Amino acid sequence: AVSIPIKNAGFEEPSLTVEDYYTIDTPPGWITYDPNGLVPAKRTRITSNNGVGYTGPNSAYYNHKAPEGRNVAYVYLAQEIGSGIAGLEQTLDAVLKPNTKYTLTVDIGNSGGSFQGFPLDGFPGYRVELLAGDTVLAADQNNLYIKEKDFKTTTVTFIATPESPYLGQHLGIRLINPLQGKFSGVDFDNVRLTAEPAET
């Protein structure tokens, strides 16, 4: 299977030193996906936020360290359940090829324990999408159950046929918080995308 390059795929940029420290800017190489205006221009302690978090072996939020490297990404939404969806996305240089099976793998984290006076109990869910152009080709929404303080790996698969209308369009990836529970933060790590031949 051939690995397709992804920018800051492990959220290892930026490098952090302080255990359980969290940035508050979009991870480099990723874009804030925010179709419903849930992530404000000015981010404070009490707003929706995304960024990266140093998750080591003695994390207050996870039983084991980051699935990959030191860092995971997080998408937190402060608004009420049902207000919309937001996350991270990235357009790749790779393009959709026919007779090709695409496998998009991502680790999803459900932070647990305690944060800023209040429990991290609960989980907003997740959605992971493979795109070509602005089309969602394939997606998984909440097929995996993720325990508090745990990470689980989800897989999104798609085969492009010779008749596909999206051949040659740039691939993309979206990591989404669908805001379907509180505490409404969901973490991501170790984004991988492979292509391999498929007979159709």
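Position 1 is the first residue in the sequence shown; the rest follow in order.
The deposited model assigns a higher average Cα B-factor to 50-58 than to the other stretch when 50-58 and 167-175 are compared. Comparing 123-131 with 104-112, the higher mean C-alpha B-factor in the PDB entry belongs to 104-112. Compared with the other modelled residues of the chain, the Cα B-factor recorded for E80 ranks in the middle third. When the CA B factors of the chain's modelled residues are split into thirds, the value for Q180 lands in the lowest one. In the deposited entry, the Cα temperature factor of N63 places it in the highest third of its chain's modelled residues.
In the PDB entry, a CA B factor belonging to the highest third of its chain's modelled residues is recorded for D20. When the CA B factors of the chain's modelled residues are split into thirds, the value for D189 lands in the middle one.
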